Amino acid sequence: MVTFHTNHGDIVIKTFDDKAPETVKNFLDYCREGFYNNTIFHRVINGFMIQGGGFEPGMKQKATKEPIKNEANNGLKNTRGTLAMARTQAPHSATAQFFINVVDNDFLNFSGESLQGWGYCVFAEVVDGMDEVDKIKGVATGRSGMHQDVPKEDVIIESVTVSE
């Protein structure tokens, strides 16, 4: 189990270790070494998702480990409350950034091993604290640097608790 202790409340997450093995191992290693502590939710788009895990408060990007292979063909779908990996346009490029689906985003699911079909790998799900996720999706956002939909006031993951 993982808990995100944020400055808007606690979010409790269950991982799908069995369905996304490398992705969950990568996510938990960042969690266990303190990588997500003092990290923000840098991209908030109401009616779509909230994304975090890459930047500290003044949009300072943190150093990541090597990218992981896309495990999206695992039967899990981008439904409301699930966590999936963000990445670049290459399929096997995810490192530490994740997003939480705040609605069902079926357009993000795997449909084939191709640049447009690979989709986004679901690896976890919110079991407690979705009211907290719904407070964050509705915050006022703007532009920071070349980043759009950045919260005007920082939404910070202060600490992460990893429990079995």
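One rule holds for the numbers: they count along the sequence shown, beginning at 1.
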{"item": "Which of 121-129 and 24-32 has higher mean CA B factor, as the PDB entry lists it", "value": "24-32"}
{"item": "Mean Cα B-factor comparison, 92-100 or 58-66, giving the higher one as deposited", "value": "58-66"}
{"item": "Ranked C-alpha temperature factor of residue 116 among modelled chain residues, by third", "value": "highest"}
{"item": "Entry-reported Cα temperature factor of residue 136, expressed as the chain third it lands in", "value": "middle"}
{"item": "Record-listed C-alpha B factor of residue 151: chain third", "value": "middle"}
{"item": "Residue 7, C-alpha B-factor rank within chain (lowest, middle or highest third)", "value": "middle"}
